[PDB]
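Structure at a glance
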Amino acid sequence: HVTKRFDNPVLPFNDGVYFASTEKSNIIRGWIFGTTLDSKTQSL
């Protein structure tokens with residue numbers, strides 16, 4: 001909060017990705033993966 005630090009940009013997924021999370025309050029909720037993110041393609 002402090003800046004409000006709303007960090008959540010689109011990032012590439014080249015050949016597999018390592019995600020590490022430090023949490024204390026169950027704040028990260030999920031993940032989305034795909035190509036265009038506009039229902040033109042199939043996304044998960």
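Provided above is the structure to which this section pertains.
Residues numbered from 1 in each chain as written, not as in the entry; some residues may be left out. Part of a larger assembly, values for the part shown. Heavy atoms only, no water.

Considering the overall build of the protein
Per the secondary structure count, the protein includes zero helices and zero strands. By the burial criterion, 0% of the 44 residues in the protein qualify as buried. Roughly 5,100 Å² of accessible area belongs to the protein as shown, and the carbon and sulfur atoms make up 55% of that amount. Here the protein contributes 5 positively and 4 negatively charged side chains, and the mean placements of these two sets differ by 11 Å. (Helix = DSSP H or I, 4+ residues; strand = E, 2+ residues; numbered from the N terminus. Buried < 20%, exposed > 50% of the residue type's maximum accessible area, 1.4 Å probe, protein only. Areas by Shrake-Rupley, 256 points an atom, 1.4 Å probe, with all protein chains shown as cover. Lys, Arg positive; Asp, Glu negative; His and termini not counted. Charge placed at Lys NZ, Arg CZ, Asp CG, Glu CD.)

A short note on the packing of aromatic side chains
Applying the stated rule across the entire model yields two aromatic pairs. Geometrically, the ring pair formed by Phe-13 and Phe-33 is edge-to-face, given 5.9 Å between the ring centres and 85 degrees between the ring planes. Centroid distance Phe-19 to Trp-31: 6.0 Å. Interplanar angle 85 degrees. Geometry classified as edge-to-face. The partly exposed category is assigned to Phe-19, whose relative accessible area is 48%. (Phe/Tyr/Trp six-rings, centres within 6.5 Å; stacked < 30°, edge-to-face > 60°.)

Here we look at the pattern of salt bridges
Enumeration over the complete set of coordinates arrives at one salt bridge. One salt bridge in this structure joins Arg-5 and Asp-7, with 2.5 Å as the shortest N-O distance. Assessed through its relative accessible area of 48%, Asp-7 is described here as partly exposed. (Salt bridge = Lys/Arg side-chain N within 4 Å of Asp/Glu carboxyl O.)

Details of the layout of surface pockets
The space that makes up the largest pocket amounts to roughly 750 Å³. Lining the largest pocket are 17 residues; nearest its centre among them are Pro-9, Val-10, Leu-11, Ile-32 and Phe-33. Residues of the lining of the largest pocket, tallied by class, amount to 11 nonpolar, five polar and one charged. One number sums up the size of the second largest pocket: a volume of about 220 Å³. Lining the second largest pocket are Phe-19, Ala-20, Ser-21, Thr-22, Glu-23, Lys-24, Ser-25, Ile-27, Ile-28, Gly-30 and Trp-31. (1 Å grid on protein atoms, 1.4 Å probe; cavity = no way out; pocket = protein on both sides within 12 Å on 5 of 7 lines; lining within 4 Å. Points joined across faces, edges and corners; volume = space filled by probe spheres on them. Nonpolar A, V, L, I, M, F, W, Y, C, P; charged D, E, K, R; others polar.)

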